[PDB]
Peer 1: 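Here you go, one structure.
In listed order, ligands and their atoms are each counted from 1. Chain naming here is simple, since letters A, B, ... match the order of the sequence lines and numbering starts at 1 in each.
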Amino acid sequence: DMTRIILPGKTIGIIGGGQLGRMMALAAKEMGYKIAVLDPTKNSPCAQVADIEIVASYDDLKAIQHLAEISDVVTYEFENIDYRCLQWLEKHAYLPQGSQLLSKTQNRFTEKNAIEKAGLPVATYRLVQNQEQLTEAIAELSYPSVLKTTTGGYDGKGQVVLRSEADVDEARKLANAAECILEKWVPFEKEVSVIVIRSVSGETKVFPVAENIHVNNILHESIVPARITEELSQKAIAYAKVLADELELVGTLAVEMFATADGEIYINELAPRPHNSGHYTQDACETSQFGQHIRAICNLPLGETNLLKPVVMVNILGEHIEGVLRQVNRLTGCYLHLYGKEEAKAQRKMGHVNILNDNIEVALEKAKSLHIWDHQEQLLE
Amino acid sequence: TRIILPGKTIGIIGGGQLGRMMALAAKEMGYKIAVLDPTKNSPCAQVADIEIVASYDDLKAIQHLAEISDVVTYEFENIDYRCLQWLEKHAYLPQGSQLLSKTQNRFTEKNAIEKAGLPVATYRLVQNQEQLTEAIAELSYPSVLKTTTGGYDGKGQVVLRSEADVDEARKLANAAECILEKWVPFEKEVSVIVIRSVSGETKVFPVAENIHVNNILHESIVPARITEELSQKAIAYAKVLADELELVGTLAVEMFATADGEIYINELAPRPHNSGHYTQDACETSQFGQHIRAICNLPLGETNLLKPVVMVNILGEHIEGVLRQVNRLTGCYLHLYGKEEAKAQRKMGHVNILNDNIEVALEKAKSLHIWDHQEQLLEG
Ligand SMILES: Nc1ncnc2c1ncn2[C@@H]1O[C@H](COP(=O)(O)OP(=O)(O)OP(=O)(O)O)[C@@H](O)[C@H]1O
Ligand SMILES: Nc1ncnc2c1ncn2[C@@H]1O[C@H](COP(=O)(O)OP(=O)(O)O)[C@@H](O)[C@H]1O
Ligand SMILES: [Mg+2]
Ligand SMILES: [Mg+2]
Ligand SMILES: [Mg+2]
């Protein structure tokens with residue numbers, strides 16, 4: 001039903017109480033929605049901003065029941081929720097996002113198929129389930145190549161880059177531990193992402209293309225506008241609309257891409273949720289990805305996605321938090337977001353800072369001059 | 001000097017929509033929130049970590065808020081002297097009590113404005129009938145008699161157009177201490193929100209043009225449709241006030257702008273203000289984000305207007321229309337405060353209409369037909 005509207009005043013239920021849910025919840029609260037959250041850990045980032053907290057396991061098909069009960073619409077922010085858990089909600093509650101898109105994007109192999117069905121380029125890949133299949137995959141794809149677990153991967157965990165035969169021993173260890181795909185290395189010039197939003201009624205908006213810098217396989221910086229040709233942007237944007245189409249998107253889709261020196265774009269992966277590379281939108285766009293996500297599922301008119309000022313988002317990990325607090329008096333032109341996580345771990349995402357400036361290169365220099373991310377800048381040398 | 005770091009608790013006296021919007025901005029930066037409000041489940045309580053339900057004059061509850069808070073601020077302005085002194089001395093209330101004291105009495109306020117070197121309409125204290133008589137004689141017609149305290153949304157005011165109005169005026173002067181002000185023939189009402197941090201850093205937001213109907217704000221238009229010179233004058237005036245009054249926190253400066261290019265300061269609000277809600281969607285930092293930074297002594301954000309805007313207030317009488325017209329809200333950024341009970345003239349929310357062209361934004365508000373009542377009252 002493409003006409004159903006969840007009006008301000010109603011309750012939005014969110015599965016997963018991480019920072020993405022917290023930010024959804026804050027954007028929803030501005031519009032006067034109530035918020036219920038289910039998370040296995042008490043006092044999660046999202047519970048700190050929610051009206052109702054359900055502390056329970058993600059597979060607990062009774063707590064989930066209770067979430068459905070108290071909510072007028074349900075969404076997820078946790079991308080590794082059991083797809084069969086969602087299936088109950090779309091059957092017996094209101095989950096306009098569906099379970100289909102999630103199941104496709106959760107598995108790298110099935111994800112590759114969806115992208116190829118849509119007609120867009122991917123790195124050439126093979127499924128790997130044992131050593132014989134790894135051996136054949138390497139023989140067919142050669143070097144350089146990258147082995148990735150088909151499920152559960154994040155921050156490059158469950159990945160091995162095969163530069164030469166010397167890396168095969170490490171690849172074999174991983175291939176034994178989990179189902180994987182081997183895919184060709186893409187010698188891209190830049191990584192970019194595009195966040196596309198589509199409402200229950202089919203209205204579609206796309207955010208500006210962000211140029212992403214990863215360090216140790218964790219997002220470090222998002223740069224908007226991406227320093228790429230107008231031609232690449234229109235292509236990146238067209239690619240995202242196509243994906244929203246073929247996947248019948250309702251809600252948010254983050255599309256990560258590789259841009260090669262000849263202006264070709266390879267789709268790296270999809271996330272059916274607000275994405276770290278869209279955090280810049282909170283301070284630099286007319287609508288944030290979180291505001292958009294809420295409007296999409298509630299079937300409100302979408303907001304505009306104009307870039308109102310250039311921006312560099314910098315991630316704040318556990319290893320940075322001390323530096324941030326010490327350097328707080330130097331954060332002029334910097335828009336701090338901290339997620340309320342009670343325990344820092346070195347590489348855990350604790351917050352982000354959006355650095356706004358008319359000139360993108362001055363924003364970049366600001367990040368450097370703060371010295372908070374010396375570890376990242378040293379690794380990028 | 002002192003800095004209140006993310007992770008600490010900000011305590012707010014007053015749980016209405018201004019407290020709620022302060023709490024939402026604070027949460028983005030990782031602050032905890034405690035609130036005191038006389039009614040359970042207030043707009044701010046819905047976003048707060050800790051809720052204390054009590055009267056604003058209950059010193060024990062005020063003390064309990066303070067003792068669990070690393071910094072205390074307020075949306076409710078009428079805190080009495082004994083509570084204010086306690087807070088200033090035993091809690092951390094960087095805004096202090098001096099500015100608040102000056103802004104709570106219209107005569108004290110106009111005095112402080114003039115002492116700061118700024119223009120206001122000619123005015124006289126009115127404490128009895130004989131002073132009203134002399135004041136009417138001095139200022140002539142037209143003039144406006146207002147109560148010095150308690151006054152908000154217009155009530156406790158008599159416009160004196162002729163001798164025929166003296167009667168209702170004597171009646172008001174009978175009930176309350178008043179001021180008589182000379183009528184300012186103004187073209188526009190405008191306001192400027194100015195921010196000054198604990199350490200003295202200042203930022204000033206763009207001039208807004210304010211349209212009141214029944215003395216409740218209806219619309220704020222930004223940029224105000226005034227000359228570059230009036231605009232520049234208004235901004236300079238607000239800066240002088242912030243400096244002279246040693247502002248810490250937020251100060252809304254409401255002004256009258258004449259066709260002749262004059263500015264008179266009308267009144268001050270030492271808090272985020274309804275005429276600054278446009279900043280949530282149209283500026284680089286909202287008045288709420290700025291307020292938090294100011295009192296916590298963080299570097300202030302920029303106040304650049306990033307897109308022209310018309311803010312329209314949503315009263316109890318409007319909420320039905322807003323919900324019915326939801327699918328027509330393209331380019332309109334809705335804010336609703338979570339108030340449990342509606343009332344006809346109660347502020348339930350606001351909508352920020354963004355557009356490269358101010359007149360298109362204004363036309364959008366009209367075309368929605370939600371505010372027909374306001375538009376007709378403006379017509380006549
Ligand atoms: N085929 C490839 N060629 C070149 N670089 C690659 C390739 N695959 C991955 N990378 C690099 O490794 C980074 C992480 O890869 P990927 O996004 O597949 O891992 P992830 O664990 O899924 O990350 P996330 O935290 O976004 O979920 C990429 O952003 C890219 O820089
Ligand atoms: N001196 C004056 N000259 C002309 N108009 C005035 C004057 N004082 C008040 N008004 C009109 O009355 C309205 C309300 O006065 P104000 O002092 O703002 O009361 P309140 O504190 O209730 O808002 C103003 O918006 C303006 O239209
Ligand atoms: Mg995926
Ligand atoms: Mg990735
Ligand atoms: Mg007024």
Peer 1: Has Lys182(B) got any heavy atom lying under 4.0 angstrom from an atom of ligand 2?
Peer 2: yes
Peer 1: Answer yes or no: does atom NZ of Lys241(A) have more than 12 heavy-atom neighbours from other residues, nucleotides or ligands under 6.0 Å?
Peer 2: no
Peer 1: What protein heavy atom lies closest to atom 20 (P) of ligand 2? Include the residue and the distance to one decimal.
Peer 2: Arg106(B) NH2, 3.4 Å
Peer 1: At the Mg ion (ligand 3), what is the angle formed between atom O of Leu270(A) and atom O of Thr105(A), rounded to the nearest 10°?
Peer 2: 120°
Peer 1: Is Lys155(B) touching ligand 2 with its side chain, its backbone, both, or neither, if touching means heavy atoms under 4.0 Å apart?
Peer 2: neither
Peer 1: With distance as the sole test, does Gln131(B) use its side chain to make a donor-acceptor pair with the main-chain N or O of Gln127(B) at under 3.5 Å?
Peer 2: yes
Peer 1: Please determine if the Mg ion (ligand 3) has an N/O/S atom from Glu111(A) lying under 2.8 Å away.
Peer 2: yes
Peer 1: Which ligand 2 atoms are under 4.0 Å away from a heavy-atom of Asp153(B)?
Peer 2: 22 (O)
Peer 1: Just checking, is any N or O donor in the side chain of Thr149(B) or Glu177(B) under 3.5 Å from an acceptor N or O on the other one?
Peer 2: no
Peer 1: Above 12 or not: heavy atoms from other molecules or residues under 6.0 Å from CZ of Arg84(A)?
Peer 2: no
Peer 1: Can you tell which of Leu377(B), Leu315(B), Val312(B) makes a side chain to side chain contact (heavy atoms under 4.5 Å, CB included) with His218(B)?
Peer 2: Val312(B)
Peer 1: Applying a 4.0 Å heavy-atom criterion (strictly less than), which segment of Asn266(B) is in contact with ligand 2: side chain, backbone, both, or neither?
Peer 2: side chain
Peer 1: Is the contact between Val184(B) and ligand 2 made by the side chain, the backbone, both, or neither, using heavy atoms and a 4.0 Å cut-off?
Peer 2: both
Peer 1: For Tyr154(A), look at atom OH and say whether over 12 heavy atoms of other residues, nucleotides or ligands are found less than 6.0 Å away.
Peer 2: no
Peer 1: Distance check below 2.8 Å: does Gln106(A) bring an N, O or S atom to the Mg ion (ligand 3)?
Peer 2: no
Peer 1: Of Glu254(B), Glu189(B), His212(B), which has the heavy atom at the shortest distance from atom 25 (O) of ligand 2?
Peer 2: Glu189(B)
Peer 1: Checking side-chain polar atoms at under 3.5 Å, does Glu262(B) have a donor or acceptor matched by the opposite partner on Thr258(B)?
Peer 2: yes
Peer 1: Less than 6.0 Å separating the ring centroids of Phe258(A) and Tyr266(A)?
Peer 2: no
Peer 1: Donor-acceptor pair, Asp153(B) side chain versus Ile216(B) backbone, under 3.5 Å?
Peer 2: no
Peer 1: So which protein heavy atom does atom 7 (C) of ligand 2 come closest to, and at what separation?
Peer 2: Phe256(B) CZ, 3.7 Å
Peer 1: Just by distance, no angles: are the side chains of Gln287(B) and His273(B) close enough, under 3.5 Å, to form a donor-acceptor pair?
Peer 2: no
Peer 1: I need the nearest protein heavy-atom contact for atom 1 (N) of ligand 2: residue, atom name and distance, please.
Peer 2: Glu181(B) OE1, 2.9 Å
Peer 1: Examine ligand 2 and decide if any of its atoms is less than 4.0 Å from a heavy atom belonging to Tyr123(B).
Peer 2: no
Peer 1: Compute whether any side-chain donor of one residue and acceptor of the other, for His277(B) and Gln17(B), lie under 3.5 angstrom apart.
Peer 2: no
Peer 1: Among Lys112(A), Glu183(A), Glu116(A), find the residue that satisfies the side chain to side chain donor-acceptor pair (under 3.5 Å) test when tested with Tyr125(A).
Peer 2: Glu116(A)
Peer 1: Would you kindly specify which portion of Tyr152(B) sits under 4.0 Å from ligand 2, judged on non-hydrogen atoms: side chain, backbone, both or neither?
Peer 2: backbone
Peer 1: Can you list the atoms of ligand 2 that are under 4.0 Å from a heavy atom of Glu267(B)?
Peer 2: 18 (O), 20 (P), 21 (O), 23 (O)
Peer 1: Centroid separation under 6.0 Å, is that true for the rings of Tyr278(B) and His350(B)?
Peer 2: no
Peer 1: May I ask you to decide if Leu160(B)'s main-chain N or O and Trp183(B)'s side chain share a donor-acceptor pair within less than 3.5 Å?
Peer 2: no
Peer 1: Does any N, O or S atom in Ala271(A) come within less than 2.8 Å of the Mg ion (ligand 3)?
Peer 2: no
Peer 1: List every atom of ligand 2 that sits less than 4.0 Å from any heavy atom of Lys146(B), numbering the atoms from 1 in the order shown and giving each element.
Peer 2: 8 (N), 9 (C), 17 (O)
Peer 1: In the protein, which heavy atom is nearest to atom 5 (N) of ligand 2, and how far is it?
Peer 2: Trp183(B) CZ3, 3.5 Å
Peer 1: Donor-acceptor pair, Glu109(B) side chain versus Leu268(B) backbone, under 3.5 Å?
Peer 2: yes
Peer 1: Go ahead and list the nitrogen or oxygen contacts between ligand 1 and the protein that come in under 3.5 Å, distances to 0.1 Å, or just say none.
Peer 2:
from, atom 1, to, atom 2, distance (Å)
ligand 1, 1 (N), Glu183(A), OE2, 3.0
ligand 1, 1 (N), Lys184(A), O, 3.0
ligand 1, 3 (N), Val186(A), N, 2.9
ligand 1, 8 (N), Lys148(A), NZ, 3.0
ligand 1, 12 (O), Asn217(A), ND2, 3.1
ligand 1, 17 (O), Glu256(A), OE1, 3.4
ligand 1, 17 (O), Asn268(A), ND2, 3.2
ligand 1, 17 (O), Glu269(A), OE2, 2.9
ligand 1, 18 (O), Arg108(A), NH1, 3.4
ligand 1, 18 (O), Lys148(A), NZ, 2.8
ligand 1, 18 (O), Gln159(A), NE2, 3.0
ligand 1, 19 (O), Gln159(A), NE2, 2.8
ligand 1, 21 (O), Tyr154(A), N, 3.3
ligand 1, 21 (O), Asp155(A), N, 3.1
ligand 1, 21 (O), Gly156(A), N, 2.8
ligand 1, 22 (O), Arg108(A), NH2, 2.7
ligand 1, 22 (O), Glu269(A), OE1, 3.0
ligand 1, 22 (O), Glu269(A), OE2, 3.1
ligand 1, 25 (O), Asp155(A), N, 2.8
ligand 1, 25 (O), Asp155(A), OD1, 3.3
ligand 1, 26 (O), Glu256(A), OE2, 3.2
ligand 1, 26 (O), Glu269(A), OE2, 3.0
ligand 1, 27 (O), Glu269(A), OE2, 3.4
ligand 1, 29 (O), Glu191(A), OE1, 2.6
ligand 1, 29 (O), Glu191(A), OE2, 3.4
ligand 1, 29 (O), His214(A), ND1, 3.3
ligand 1, 31 (O), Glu191(A), OE1, 3.4
ligand 1, 31 (O), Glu191(A), OE2, 2.6

Peer 1: Would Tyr264(B) count as a contact of ligand 2 if the rule is a heavy atom under 4.0 Å away?
Peer 2: no
Peer 1: Determine, step by step, whether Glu77(B) and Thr103(B) satisfy the side chain to side chain donor-acceptor pair (under 3.5 Å) criterion, reporting the C-alpha distance in whole Å, the side-chain angles of both residues, the deciding distance to 0.1 Å, and the verdict.
Peer 2: CA-CA 9 Å; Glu77(B) 289 158 298; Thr103(B) 64; 5.1 Å; no
Peer 1: For atom 15 (O) of ligand 2, what's the nearest protein heavy-atom neighbour? Residue, atom name and distance, please.
Peer 2: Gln157(B) OE1, 3.5 Å
Peer 1: Could you find the nearest protein heavy atom to atom 13 (C) of ligand 2 and give me its residue, atom name and distance?
Peer 2: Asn215(B) OD1, 3.6 Å
Peer 1: Which of the numbered atoms in ligand 2 are under 4.0 angstrom from any heavy atom belonging to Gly154(B)?
Peer 2: 22 (O)
Peer 1: Do the side chains of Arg126(A) and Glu140(A) get close enough for a salt bridge, i.e. N-O under 4.0 angstrom?
Peer 2: yes
